[PDB]
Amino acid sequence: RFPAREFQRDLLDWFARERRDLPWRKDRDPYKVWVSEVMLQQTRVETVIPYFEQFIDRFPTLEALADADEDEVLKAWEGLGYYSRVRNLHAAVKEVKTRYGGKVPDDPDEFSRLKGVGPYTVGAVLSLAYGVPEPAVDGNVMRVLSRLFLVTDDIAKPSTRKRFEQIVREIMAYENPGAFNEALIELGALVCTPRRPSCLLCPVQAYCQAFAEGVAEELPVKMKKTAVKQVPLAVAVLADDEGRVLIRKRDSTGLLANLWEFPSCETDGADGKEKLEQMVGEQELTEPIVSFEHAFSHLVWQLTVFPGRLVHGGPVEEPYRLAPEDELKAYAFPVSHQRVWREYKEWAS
């Protein structure tokens, strides 16, 4: 029904001919492949390149990453987003050391048991670093495979992902799966793109049923995004007479887990300053200086910055921490509060 062998030759050829020279394709090392594939989840290649090199420069081996403390690994991830990925990788790596003594499992079932390792990562790491013919179905693969085979099912469904995963089994090159998988991902990245794909340039344009029908731009099928919720947030930038600033470490559960931030509180509506004042007193503000929005995937933060002065009438208890201005750079803030700071600094000038 489908000439796989020919398909697999025109794909791998184009790949060897067009592949990008990315930092994590310098070698087939499980550790570096693993880090790169976690960074790449929901994150474009061009964004990841700098982070991958800072990260591997700071954590060259699996044991270096395991031996580091949360703050250091999480600082290395500052600005990337979806920060539970690095908490799960940090733990998944601490596991391979305490349990497996540092060697990355090559058994699919054994590798998936680690936190952060979903179906894609199992296929990406094992097929590249060990040759295991497990599929690595990402958004690129799902877009390619849906166009090639005219699969008209909602990709958002996990069931559709499992269908694609069986298609991959059927047309794979079991000889060299890692090369086969990266070629599908690369194909979707460079040629068969979400919009106006270069089907003429495409090396497998003869096989693409969508091109034959002229409906490539109508695929893949994915339902429209759910509208996100708006959330007013009030932020306080408090500095004493020695220039030190107060910050707190968010809890390890939920949004922006274990990241540092300037004291804040969700304000249903009115009395932003009052709510900030009372909340800080339990565990001296002035008017706001700026207000802006910051988007998440599932909600929007409408922030409002309140400068303030604090006088020490007691000790700074957890989760709070009194940090000089020069030492803030050592803490990992989300992008929202990195701007809060920048806004406060330029206002005071």
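Heads up: residue numbers just count along the shown sequence, starting at 1.
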>> Neighbours in the displayed sequence, residue 283 and residue 284 may still hide a gap; how many deposited residues lack coordinates there, none, 1 to 3, 4 to 9, or 10 or more?
In response: 4 to 9
> Out of 224-232 and 187-195, which one has CA B-factors that are higher on average in the deposited record?
Replying inline: 224-232
> Where do the C-alpha atoms have the higher mean temperature factor in this entry, in 116-124 or in 163-171?
Replying inline: 163-171
>> Highest recorded C-alpha temperature factor, please, choosing from 278, 84, 264, 140.
In response: 278
> Based on the PDB record, which member of 258, 181, 88, 98 exhibits the highest Cα temperature factor?
Replying inline: 98
> What third of its chain, lowest, middle or highest, does the C-alpha temperature factor of residue 292 fall into?
Replying inline: middle
>> When the deposited Cα B-factors of this chain's modelled residues are ordered and cut into thirds, is residue 157 in the lowest, the middle or the highest one?
In response: middle
>> How does the C-alpha B factor of residue 149 compare with the rest of the chain: lowest, middle or highest third?
In response: middle
> Should residue 319 be placed in the lowest, middle or highest third of its chain by the C-alpha B factor in the entry?
Replying inline: highest
> Going by what the PDB entry lists, where does residue 102 fall on CA B-factor within its chain: lowest, middle or highest third?
Replying inline: highest
